[PDB]
$ cat run_32.cif   # mmCIF, C-alpha atoms and all ligand atoms
data_coords
#
loop_
_atom_site.group_PDB
_atom_site.id
_atom_site.type_symbol
_atom_site.label_atom_id
_atom_site.label_comp_id
_atom_site.auth_asym_id
_atom_site.auth_seq_id
_atom_site.Cartn_x
_atom_site.Cartn_y
_atom_site.Cartn_z
ATOM 1 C CA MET A 628 14.939 31.624 115.497
ATOM 2 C CA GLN A 629 13.251 29.583 118.245
ATOM 3 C CA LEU A 630 11.316 26.441 117.324
ATOM 4 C CA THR A 631 8.227 26.660 119.542
ATOM 5 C CA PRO A 632 6.897 30.045 118.270
ATOM 6 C CA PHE A 633 7.544 28.984 114.680
ATOM 7 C CA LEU A 634 5.444 25.857 115.149
ATOM 8 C CA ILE A 635 2.702 27.839 116.879
ATOM 9 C CA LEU A 636 2.697 30.060 113.773
ATOM 10 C CA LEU A 637 2.452 27.101 111.382
ATOM 11 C CA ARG A 638 -0.421 25.691 113.457
ATOM 12 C CA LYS A 639 -2.327 28.971 113.178
ATOM 13 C CA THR A 640 -1.527 29.241 109.462
ATOM 14 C CA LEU A 641 -2.736 25.698 108.786
ATOM 15 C CA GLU A 642 -5.965 26.506 110.635
ATOM 16 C CA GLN A 643 -6.408 29.617 108.469
ATOM 17 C CA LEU A 644 -5.845 27.608 105.299
ATOM 18 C CA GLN A 645 -8.366 24.984 106.408
ATOM 19 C CA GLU A 646 -10.857 27.810 107.031
ATOM 20 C CA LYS A 647 -10.627 28.776 103.356
ATOM 21 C CA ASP A 648 -11.565 25.199 102.402
ATOM 22 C CA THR A 649 -15.171 25.700 103.405
ATOM 23 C CA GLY A 650 -16.320 22.509 101.699
ATOM 24 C CA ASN A 651 -13.646 20.661 103.711
ATOM 25 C CA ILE A 652 -12.825 18.807 100.494
ATOM 26 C CA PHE A 653 -9.082 18.911 101.257
ATOM 27 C CA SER A 654 -9.342 18.015 104.959
ATOM 28 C CA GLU A 655 -8.490 14.314 104.523
ATOM 29 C CA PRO A 656 -6.637 12.130 101.995
ATOM 30 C CA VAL A 657 -8.423 11.464 98.707
ATOM 31 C CA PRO A 658 -10.234 8.137 99.334
ATOM 32 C CA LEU A 659 -8.544 5.712 96.947
ATOM 33 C CA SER A 660 -11.440 3.302 97.564
ATOM 34 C CA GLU A 661 -13.712 5.819 95.802
ATOM 35 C CA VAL A 662 -11.083 7.150 93.362
ATOM 36 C CA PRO A 663 -9.232 3.925 92.422
ATOM 37 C CA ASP A 664 -7.190 5.593 89.636
ATOM 38 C CA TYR A 665 -5.950 8.513 91.749
ATOM 39 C CA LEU A 666 -2.389 7.266 92.262
ATOM 40 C CA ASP A 667 -1.874 6.669 88.522
ATOM 41 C CA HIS A 668 -0.519 10.203 87.959
ATOM 42 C CA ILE A 669 -0.543 11.679 91.495
ATOM 43 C CA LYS A 670 2.869 10.719 92.870
ATOM 44 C CA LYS A 671 2.484 12.399 96.293
ATOM 45 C CA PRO A 672 -1.027 12.863 97.677
ATOM 46 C CA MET A 673 -1.429 15.547 100.300
ATOM 47 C CA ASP A 674 -4.180 16.971 102.503
ATOM 48 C CA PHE A 675 -4.603 19.132 105.579
ATOM 49 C CA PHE A 676 -4.862 16.228 108.028
ATOM 50 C CA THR A 677 -1.513 14.839 106.888
ATOM 51 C CA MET A 678 -0.031 18.348 106.928
ATOM 52 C CA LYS A 679 -1.017 18.487 110.598
ATOM 53 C CA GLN A 680 0.661 15.126 111.236
ATOM 54 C CA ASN A 681 3.808 16.303 109.438
ATOM 55 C CA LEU A 682 3.797 19.590 111.377
ATOM 56 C CA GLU A 683 3.672 17.792 114.734
ATOM 57 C CA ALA A 684 6.301 15.274 113.591
ATOM 58 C CA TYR A 685 8.637 18.290 113.192
ATOM 59 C CA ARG A 686 8.737 17.727 109.427
ATOM 60 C CA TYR A 687 8.246 21.461 108.665
ATOM 61 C CA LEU A 688 11.240 23.409 109.991
ATOM 62 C CA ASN A 689 11.028 26.288 107.493
ATOM 63 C CA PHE A 690 8.199 28.028 105.730
ATOM 64 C CA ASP A 691 9.096 26.559 102.337
ATOM 65 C CA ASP A 692 8.528 22.940 103.313
ATOM 66 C CA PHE A 693 5.156 23.807 104.813
ATOM 67 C CA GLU A 694 4.109 25.836 101.750
ATOM 68 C CA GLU A 695 5.360 23.097 99.407
ATOM 69 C CA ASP A 696 2.880 20.586 100.851
ATOM 70 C CA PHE A 697 0.034 23.109 100.728
ATOM 71 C CA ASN A 698 0.900 23.711 97.071
ATOM 72 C CA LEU A 699 0.656 19.935 96.534
ATOM 73 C CA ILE A 700 -2.923 19.948 97.834
ATOM 74 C CA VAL A 701 -3.708 22.505 95.136
ATOM 75 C CA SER A 702 -1.639 21.083 92.263
ATOM 76 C CA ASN A 703 -2.771 17.471 92.769
ATOM 77 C CA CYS A 704 -6.390 18.578 92.544
ATOM 78 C CA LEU A 705 -5.801 20.691 89.430
ATOM 79 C CA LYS A 706 -3.994 17.736 87.834
ATOM 80 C CA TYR A 707 -6.543 15.037 88.607
ATOM 81 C CA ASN A 708 -9.832 16.823 87.921
ATOM 82 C CA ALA A 709 -11.270 18.256 84.735
ATOM 83 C CA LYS A 710 -11.468 22.029 84.552
ATOM 84 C CA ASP A 711 -15.282 22.106 84.534
ATOM 85 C CA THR A 712 -15.627 20.396 87.930
ATOM 86 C CA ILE A 713 -16.277 21.733 91.408
ATOM 87 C CA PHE A 714 -13.045 20.065 92.592
ATOM 88 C CA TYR A 715 -10.946 21.994 90.091
ATOM 89 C CA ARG A 716 -12.552 25.364 90.816
ATOM 90 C CA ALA A 717 -12.185 24.730 94.563
ATOM 91 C CA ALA A 718 -8.436 24.214 94.145
ATOM 92 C CA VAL A 719 -8.177 27.434 92.123
ATOM 93 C CA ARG A 720 -10.011 29.298 94.882
ATOM 94 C CA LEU A 721 -7.863 27.703 97.570
ATOM 95 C CA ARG A 722 -4.737 28.690 95.653
ATOM 96 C CA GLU A 723 -6.013 32.282 95.474
ATOM 97 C CA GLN A 724 -7.240 32.631 99.041
ATOM 98 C CA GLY A 725 -4.405 30.544 100.501
ATOM 99 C CA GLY A 726 -1.813 32.733 98.797
ATOM 100 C CA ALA A 727 -2.684 35.776 100.880
ATOM 101 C CA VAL A 728 -2.727 33.676 104.062
ATOM 102 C CA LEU A 729 0.738 32.297 103.334
ATOM 103 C CA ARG A 730 2.229 35.691 102.457
ATOM 104 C CA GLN A 731 1.144 37.203 105.760
ATOM 105 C CA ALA A 732 2.316 34.154 107.712
ATOM 106 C CA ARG A 733 5.732 34.271 106.042
ATOM 107 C CA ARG A 734 6.084 37.942 106.970
ATOM 108 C CA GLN A 735 5.402 37.002 110.598
ATOM 109 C CA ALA A 736 8.032 34.255 110.374
ATOM 110 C CA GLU A 737 10.695 36.521 108.847
ATOM 111 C CA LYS A 738 10.374 38.851 111.854
ATOM 112 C CA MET A 739 11.480 35.935 114.063
HETATM 113 O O1 LIG A 801 -9.803 15.851 93.954
HETATM 114 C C1 LIG A 801 -10.526 15.086 94.595
HETATM 115 N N1 LIG A 801 -10.382 15.102 95.985
HETATM 116 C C2 LIG A 801 -11.168 14.251 96.765
HETATM 117 S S1 LIG A 801 -11.025 14.235 98.492
HETATM 118 N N2 LIG A 801 -12.078 13.407 96.129
HETATM 119 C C3 LIG A 801 -12.180 13.436 94.735
HETATM 120 N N3 LIG A 801 -12.972 12.733 93.925
HETATM 121 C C4 LIG A 801 -12.693 13.123 92.690
HETATM 122 S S2 LIG A 801 -13.498 12.465 91.243
HETATM 123 N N4 LIG A 801 -11.739 14.059 92.716
HETATM 124 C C5 LIG A 801 -11.413 14.262 94.002
#
$ encode --input "run_32.cif" --output "C-alpha cells" --more "lines below"
Ligand SMILES: O=c1[nH]c(=S)[nH]c2[nH]c(=S)[nH]c12
Amino acid sequence: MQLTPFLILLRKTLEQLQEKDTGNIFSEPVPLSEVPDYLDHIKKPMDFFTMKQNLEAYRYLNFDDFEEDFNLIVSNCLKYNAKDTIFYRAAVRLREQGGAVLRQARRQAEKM
C-alpha cells in the first residue's frame, strides 16, 4: 500500500481515540513531577501527544505498532492506579471505546 493515505488514516484514528478520552487525562505524558514514583514499574510511558509525535516521525508503518502504543496508554494506567480510582475506570472505558475505533480503522487499512 501507499504511505500517505495510511498516515492520513492513522491521524484520523488517533483523533477518534482522543475524542473518547473526554477528560483528556491521556493527552500528555504523566507528569513525573506530580507522580514521582511513576517510572518505578512503568517501563515505557505513553500518551496521545507522544503518539502524534511518533506518527509524524514515521514510527508507525503498520497498524500493529500504532495499536501497541495505544494499548500501552491503557495498560500503564491499569497497572499504576488502584482499581477504585477514576484513572483506572477511565482506562477501562478507553480500552472499551477505543477497541471499536481501532477495529473499524484496521478494516479501512486492510482495504488498502
Ligand atoms: O494514571 C495517571 N495518569 C496521569 S496523566 N496522572 C496520574 N496521577 C495519578 S495518581 N495517576 C495518574
$ axis_aligned_box --input "run_32.cif" --around "ligand LIG 801 (chain A)" --padding-each-side "5 Å" --output "AutoDock Vina command-line options"
--center_x -11.7 --center_y 14.2 --center_z 94.9 --size_x 13.7 --size_y 13.4 --size_z 17.2
$ residues_around --input "run_32.cif" --residues "residue A:697" --least-positions-apart "4" --cutoff "9 Å" --atoms "all atoms listed in the file" --output "number ranges by chain"
A: 641, 644, 673-675, 678, 692-693, 701-702, 722, 725
$ residues_around --input "run_32.cif" --residues "residue A:632" --least-positions-apart "3" --cutoff "12 Å" --atoms "all atoms listed in the file" --output "list in words"
residues 628, 629, 635, 636, 637, 638, 639, 688, 735, 736, 738 and 739 of chain A
$ closest_residue --input "run_32.cif" --among "A:684, A:652, A:669, A:634" --to "ligand LIG 801 (chain A)" --atoms "only C-alpha atoms and all ligand atoms"
A:652
$ closest_atom_pairs --input "run_32.cif" --of "chain A" --to "ligand LIG 801 (chain A)" --cutoff "10 Å" --atoms "all atoms listed in the file" --output "JSON lines"
{"residue": "A:651", "atom": "CA", "partner": "A:LIG801", "partner_atom": "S1", "distance": 8.7}
{"residue": "A:652", "atom": "CA", "partner": "A:LIG801", "partner_atom": "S1", "distance": 5.3}
{"residue": "A:653", "atom": "CA", "partner": "A:LIG801", "partner_atom": "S1", "distance": 5.8}
{"residue": "A:654", "atom": "CA", "partner": "A:LIG801", "partner_atom": "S1", "distance": 7.7}
{"residue": "A:655", "atom": "CA", "partner": "A:LIG801", "partner_atom": "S1", "distance": 6.5}
{"residue": "A:656", "atom": "CA", "partner": "A:LIG801", "partner_atom": "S1", "distance": 6.0}
{"residue": "A:657", "atom": "CA", "partner": "A:LIG801", "partner_atom": "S1", "distance": 3.8}
{"residue": "A:658", "atom": "CA", "partner": "A:LIG801", "partner_atom": "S1", "distance": 6.2}
{"residue": "A:659", "atom": "CA", "partner": "A:LIG801", "partner_atom": "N2", "distance": 8.5}
{"residue": "A:661", "atom": "CA", "partner": "A:LIG801", "partner_atom": "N3", "distance": 7.2}
{"residue": "A:662", "atom": "CA", "partner": "A:LIG801", "partner_atom": "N3", "distance": 5.9}
{"residue": "A:663", "atom": "CA", "partner": "A:LIG801", "partner_atom": "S2", "distance": 9.6}
{"residue": "A:664", "atom": "CA", "partner": "A:LIG801", "partner_atom": "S2", "distance": 9.5}
{"residue": "A:665", "atom": "CA", "partner": "A:LIG801", "partner_atom": "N4", "distance": 8.1}
{"residue": "A:672", "atom": "CA", "partner": "A:LIG801", "partner_atom": "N1", "distance": 9.8}
{"residue": "A:673", "atom": "CA", "partner": "A:LIG801", "partner_atom": "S1", "distance": 9.9}
{"residue": "A:674", "atom": "CA", "partner": "A:LIG801", "partner_atom": "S1", "distance": 8.4}
{"residue": "A:700", "atom": "CA", "partner": "A:LIG801", "partner_atom": "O1", "distance": 8.9}
{"residue": "A:701", "atom": "CA", "partner": "A:LIG801", "partner_atom": "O1", "distance": 9.1}
{"residue": "A:702", "atom": "CA", "partner": "A:LIG801", "partner_atom": "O1", "distance": 9.8}
{"residue": "A:703", "atom": "CA", "partner": "A:LIG801", "partner_atom": "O1", "distance": 7.3}
{"residue": "A:704", "atom": "CA", "partner": "A:LIG801", "partner_atom": "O1", "distance": 4.6}
{"residue": "A:705", "atom": "CA", "partner": "A:LIG801", "partner_atom": "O1", "distance": 7.7}
{"residue": "A:706", "atom": "CA", "partner": "A:LIG801", "partner_atom": "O1", "distance": 8.6}
{"residue": "A:707", "atom": "CA", "partner": "A:LIG801", "partner_atom": "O1", "distance": 6.3}
{"residue": "A:708", "atom": "CA", "partner": "A:LIG801", "partner_atom": "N4", "distance": 5.9}
{"residue": "A:709", "atom": "CA", "partner": "A:LIG801", "partner_atom": "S2", "distance": 9.0}
{"residue": "A:712", "atom": "CA", "partner": "A:LIG801", "partner_atom": "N4", "distance": 8.8}
{"residue": "A:713", "atom": "CA", "partner": "A:LIG801", "partner_atom": "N4", "distance": 9.0}
{"residue": "A:714", "atom": "CA", "partner": "A:LIG801", "partner_atom": "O1", "distance": 5.5}
{"residue": "A:715", "atom": "CA", "partner": "A:LIG801", "partner_atom": "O1", "distance": 7.3}
{"residue": "A:717", "atom": "CA", "partner": "A:LIG801", "partner_atom": "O1", "distance": 9.2}
{"residue": "A:718", "atom": "CA", "partner": "A:LIG801", "partner_atom": "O1", "distance": 8.5}
$ atom_distance --input "run_32.cif" --atom1 "atom CA of residue A:689" --atom2 "atom CA of residue A:633"
8.4 Å
$ atom_distance --input "run_32.cif" --atom1 "atom CA of residue A:670" --atom2 "atom CA of residue A:694"
17.6 Å
$ decode --input "run_32.cif" --residues "stretch 629-715 of chain A" --atoms "C-alpha atoms" --output "PDB file, in the first residue's frame"
ATOM      1  CA  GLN A 629       0.828   3.714  -0.306  1.00  0.00           C
ATOM      2  CA  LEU A 630       2.225   5.576   2.701  1.00  0.00           C
ATOM      3  CA  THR A 631       0.376   8.904   2.578  1.00  0.00           C
ATOM      4  CA  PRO A 632      -3.215   7.527   2.808  1.00  0.00           C
ATOM      5  CA  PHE A 633      -2.160   5.151   5.579  1.00  0.00           C
ATOM      6  CA  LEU A 634      -0.800   8.039   7.634  1.00  0.00           C
ATOM      7  CA  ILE A 635      -3.911  10.114   6.957  1.00  0.00           C
ATOM      8  CA  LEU A 636      -5.882   7.150   8.341  1.00  0.00           C
ATOM      9  CA  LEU A 637      -3.733   6.899  11.480  1.00  0.00           C
ATOM     10  CA  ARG A 638      -4.137  10.652  12.031  1.00  0.00           C
ATOM     11  CA  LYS A 639      -7.924  10.339  11.867  1.00  0.00           C
ATOM     12  CA  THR A 640      -7.871   7.249  14.097  1.00  0.00           C
ATOM     13  CA  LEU A 641      -5.717   8.982  16.710  1.00  0.00           C
ATOM     14  CA  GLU A 642      -8.145  11.914  16.689  1.00  0.00           C
ATOM     15  CA  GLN A 643     -11.046   9.495  17.232  1.00  0.00           C
ATOM     16  CA  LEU A 644      -9.245   7.834  20.130  1.00  0.00           C
ATOM     17  CA  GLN A 645      -8.506  11.210  21.721  1.00  0.00           C
ATOM     18  CA  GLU A 646     -12.215  12.050  21.383  1.00  0.00           C
ATOM     19  CA  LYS A 647     -13.056   9.064  23.590  1.00  0.00           C
ATOM     20  CA  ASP A 648     -10.732  10.455  26.282  1.00  0.00           C
ATOM     21  CA  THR A 649     -13.171  13.182  27.215  1.00  0.00           C
ATOM     22  CA  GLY A 650     -11.320  14.047  30.415  1.00  0.00           C
ATOM     23  CA  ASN A 651      -8.168  14.459  28.292  1.00  0.00           C
ATOM     24  CA  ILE A 652      -6.347  12.543  31.026  1.00  0.00           C
ATOM     25  CA  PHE A 653      -4.232  10.665  28.456  1.00  0.00           C
ATOM     26  CA  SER A 654      -3.464  13.659  26.215  1.00  0.00           C
ATOM     27  CA  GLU A 655       0.022  14.323  27.638  1.00  0.00           C
ATOM     28  CA  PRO A 656       2.743  12.353  29.457  1.00  0.00           C
ATOM     29  CA  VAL A 657       2.088  11.547  33.113  1.00  0.00           C
ATOM     30  CA  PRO A 658       3.785  14.439  34.982  1.00  0.00           C
ATOM     31  CA  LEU A 659       6.616  12.763  36.882  1.00  0.00           C
ATOM     32  CA  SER A 660       6.939  15.959  38.945  1.00  0.00           C
ATOM     33  CA  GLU A 661       3.487  15.194  40.394  1.00  0.00           C
ATOM     34  CA  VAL A 662       3.796  11.382  40.276  1.00  0.00           C
ATOM     35  CA  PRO A 663       7.445  10.893  41.350  1.00  0.00           C
ATOM     36  CA  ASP A 664       7.124   7.083  41.655  1.00  0.00           C
ATOM     37  CA  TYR A 665       5.567   6.540  38.218  1.00  0.00           C
ATOM     38  CA  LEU A 666       8.665   5.153  36.494  1.00  0.00           C
ATOM     39  CA  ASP A 667       9.260   2.576  39.252  1.00  0.00           C
ATOM     40  CA  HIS A 668       7.133  -0.072  37.487  1.00  0.00           C
ATOM     41  CA  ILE A 669       6.096   1.709  34.256  1.00  0.00           C
ATOM     42  CA  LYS A 670       8.918   0.876  31.849  1.00  0.00           C
ATOM     43  CA  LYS A 671       7.501   2.725  28.807  1.00  0.00           C
ATOM     44  CA  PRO A 672       5.165   5.662  29.423  1.00  0.00           C
ATOM     45  CA  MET A 673       2.879   6.584  26.564  1.00  0.00           C
ATOM     46  CA  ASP A 674       0.243   9.205  25.774  1.00  0.00           C
ATOM     47  CA  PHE A 675      -1.607  10.654  22.808  1.00  0.00           C
ATOM     48  CA  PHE A 676       0.735  13.619  22.336  1.00  0.00           C
ATOM     49  CA  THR A 677       3.743  11.319  22.009  1.00  0.00           C
ATOM     50  CA  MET A 678       1.741   9.005  19.740  1.00  0.00           C
ATOM     51  CA  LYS A 679       1.244  12.016  17.472  1.00  0.00           C
ATOM     52  CA  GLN A 680       4.985  12.742  17.521  1.00  0.00           C
ATOM     53  CA  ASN A 681       5.751   9.097  16.719  1.00  0.00           C
ATOM     54  CA  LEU A 682       3.164   9.075  13.912  1.00  0.00           C
ATOM     55  CA  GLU A 683       4.728  12.117  12.235  1.00  0.00           C
ATOM     56  CA  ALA A 684       8.240  10.721  12.758  1.00  0.00           C
ATOM     57  CA  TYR A 685       7.111   7.777  10.573  1.00  0.00           C
ATOM     58  CA  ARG A 686       7.436   5.428  13.553  1.00  0.00           C
ATOM     59  CA  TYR A 687       4.070   3.724  12.819  1.00  0.00           C
ATOM     60  CA  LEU A 688       4.279   1.949   9.454  1.00  0.00           C
ATOM     61  CA  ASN A 689       1.684  -0.743  10.219  1.00  0.00           C
ATOM     62  CA  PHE A 690      -1.457  -0.848  12.284  1.00  0.00           C
ATOM     63  CA  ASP A 691       0.086  -3.083  14.948  1.00  0.00           C
ATOM     64  CA  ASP A 692       2.757  -0.619  16.030  1.00  0.00           C
ATOM     65  CA  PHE A 693       0.179   2.146  16.320  1.00  0.00           C
ATOM     66  CA  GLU A 694      -2.234  -0.059  18.296  1.00  0.00           C
ATOM     67  CA  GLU A 695       0.601  -1.304  20.526  1.00  0.00           C
ATOM     68  CA  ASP A 696       1.289   2.224  21.798  1.00  0.00           C
ATOM     69  CA  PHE A 697      -2.416   2.911  22.326  1.00  0.00           C
ATOM     70  CA  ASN A 698      -2.593  -0.315  24.339  1.00  0.00           C
ATOM     71  CA  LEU A 699       0.316   0.999  26.441  1.00  0.00           C
ATOM     72  CA  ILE A 700      -1.695   4.103  27.343  1.00  0.00           C
ATOM     73  CA  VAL A 701      -4.369   1.766  28.692  1.00  0.00           C
ATOM     74  CA  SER A 702      -2.161  -0.875  30.337  1.00  0.00           C
ATOM     75  CA  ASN A 703       0.155   1.625  32.060  1.00  0.00           C
ATOM     76  CA  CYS A 704      -2.849   3.297  33.660  1.00  0.00           C
ATOM     77  CA  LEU A 705      -4.389  -0.001  34.784  1.00  0.00           C
ATOM     78  CA  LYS A 706      -1.018  -1.009  36.256  1.00  0.00           C
ATOM     79  CA  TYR A 707      -0.251   2.190  38.143  1.00  0.00           C
ATOM     80  CA  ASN A 708      -3.641   3.074  39.628  1.00  0.00           C
ATOM     81  CA  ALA A 709      -5.801   1.273  42.150  1.00  0.00           C
ATOM     82  CA  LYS A 710      -8.998  -0.244  40.816  1.00  0.00           C
ATOM     83  CA  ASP A 711     -11.265   2.103  42.793  1.00  0.00           C
ATOM     84  CA  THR A 712      -9.898   5.275  41.164  1.00  0.00           C
ATOM     85  CA  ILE A 713     -11.186   7.465  38.362  1.00  0.00           C
ATOM     86  CA  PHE A 714      -7.901   6.901  36.487  1.00  0.00           C
ATOM     87  CA  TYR A 715      -8.387   3.140  36.442  1.00  0.00           C
TER      88      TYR A 715
END
